[PDB]
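All remarks here apply to the structure that follows.
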Amino acid sequence: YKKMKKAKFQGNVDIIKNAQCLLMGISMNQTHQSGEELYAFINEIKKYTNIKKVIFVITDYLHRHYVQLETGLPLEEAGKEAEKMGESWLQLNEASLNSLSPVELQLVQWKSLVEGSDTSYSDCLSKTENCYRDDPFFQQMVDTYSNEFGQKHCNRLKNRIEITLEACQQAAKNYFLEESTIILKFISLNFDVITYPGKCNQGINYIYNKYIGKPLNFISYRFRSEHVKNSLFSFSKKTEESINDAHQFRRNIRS
């Protein structure tokens with residue numbers, strides 16, 4: 001026996017009621033944007049019949065910075081490795097993607113935003129990189145992240161490879177800067193509301209306010225479970241492993 005997961009948006013939802021296009025960045029570290037929880041999300045959003053379009057950005061290519069750290073591969077080649085994760089996500093979540101209809105689905109690959117589908121992205125990164133040099137608030141934000149996640153990653157890797165705490169910090173810094181910059185590419189997709197099962201990335205919020213000069217239309221959502229007559233996903237594996245986790249475990253098998 002098993003309860004049903006339902007999703008609910010946090011705070012006043014008028015921001016959704018006035019929207020026609022909804023965007024969500026799909027993270028490879030989440031467990032909350034796959035399987036039951038994704039289906040839960042799509043179920044809730046379809047209740048807002050003003051939503052004609054949903055955009056999912058698959059955030060996998062972003063991870064090449066960390067995959068390079070692990071593997072020593074060239075960055076584009078680390079990128080191919082990283083894009084295996086997005087293939088895993090697509091294949092794990094066909095049910096949810098096809099359930100959106102008649103709401104139109106747009107799938108966006110991170111690689112398309114960073115490398116063209118122009119010099120649109122490199123221009124966007126320049127703004128983010130200038131901001132890191134010039135804004136002590138943003139510089140501290142980035143530094144704080146790269147120090148924290150530098151540490152987490154070096155301790156993850158110390159026993160299996162020769163690695164420096166400085167190497168890990170650099171990769172984490174470039175990761176965060178790319179992630180911060182992407183919001184400048186998201187606006188090109190014409191979304192009206194952006195959402196996530198948790199708080200919005202602070203890099204993303206900062207860059208948006210600074211260079212658009214408008215409040216970001218973000219709303220989070222949370223999950224709850226209820227007793228129901230017939231509960232779905234009962235044959236689902238009861239193991240909360242992110243796709244990044246599984247792909248790492250996978251790469252340990254081949255050292």
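By order of appearance in the structure tokens: chains A, B, ..., then residues from 1 within every chain, and ligands from 1 in the order shown.
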Taking the chain letters and numbering used in this document, name the residues of segment 27-93 of chain A that DSSP puts in helix (DSSP H, G or I), as an MDAnalysis selection string.
chainID A and resid 36:45 61:71 75:92
Which neighbours of segment 189-201 of chain A fall inside 6 Å, counting only C-alpha atoms, when residues of the same chain fewer than 4 positions from it are skipped, and could you give them as a ChimeraX atom specification?
/A:19,21-24,217-222
Given the selection you just returned, output its residues as a file containing N, CA and C atoms, formatted as a compact mmCIF listing (two decimals), in the first residue's frame.
# COMPACT_ATOMS: atom_id res chain seq x y z
N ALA A 19 -0.98 33.82 -16.45
CA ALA A 19 0.04 33.37 -17.40
C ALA A 19 -0.55 32.51 -18.51
N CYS A 21 2.13 30.92 -20.63
CA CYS A 21 3.28 30.06 -20.82
C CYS A 21 4.09 29.89 -19.56
N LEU A 22 4.34 28.63 -19.22
CA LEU A 22 5.02 28.27 -17.99
C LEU A 22 6.34 27.61 -18.32
N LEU A 23 7.40 28.00 -17.61
CA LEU A 23 8.71 27.37 -17.79
C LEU A 23 9.21 26.72 -16.50
N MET A 24 9.85 25.57 -16.67
CA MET A 24 10.59 24.92 -15.58
C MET A 24 11.91 24.37 -16.08
N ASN A 217 9.21 36.46 -12.25
CA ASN A 217 7.90 35.83 -12.00
C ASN A 217 8.04 34.36 -11.64
N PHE A 218 8.58 34.11 -10.46
CA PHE A 218 8.86 32.77 -9.98
C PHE A 218 7.83 32.37 -8.91
N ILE A 219 7.41 31.11 -8.95
CA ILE A 219 6.56 30.56 -7.90
C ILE A 219 7.06 29.14 -7.62
N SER A 220 7.17 28.76 -6.36
CA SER A 220 7.59 27.39 -6.07
C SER A 220 6.37 26.51 -5.80
N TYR A 221 6.60 25.21 -5.71
CA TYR A 221 5.56 24.29 -5.30
C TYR A 221 6.14 23.24 -4.37
N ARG A 222 5.23 22.61 -3.61
CA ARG A 222 5.57 21.60 -2.63
C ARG A 222 4.69 20.36 -2.84
Can you work out which one of A:39, A:48, A:149, A:208 has the shortest atom-to-atom distance to residue 9 of chain A, counting only C-alpha atoms?
A:48
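Look at residue 96 of chain A: the protein and nucleic acid residues within 10 Å of it, using only C-alpha atoms and passing over chain neighbours fewer than 4 places away, are residues 34, 35, 36, 37, 38, 39, 40, 41, 42, 43, 90, 92, 100 and 101 of chain A.
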Let me make sure I understand: among A:122, A:29, A:164, A:10, which one has the smallest atom-to-atom distance to residue 59 of chain A if we use only C-alpha atoms?
A:29
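Residue nearest residue 8 of chain A, chosen from A:211, A:145, A:206, A:223 and counting only C-alpha atoms: A:223.
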Judged by only C-alpha atoms, the minimum distance to residue 114 of chain A among A:227, A:52, A:185, A:251 is found for A:185
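With only C-alpha atoms as the atoms that count, the minimum distance from residue 72 of chain A to the choices A:131, A:45, A:6, A:163 is reached by A:163.
Picture a line from atom CA of residue 173 of chain A to atom CA of residue 142 of chain A; it runs 6.5 Å.
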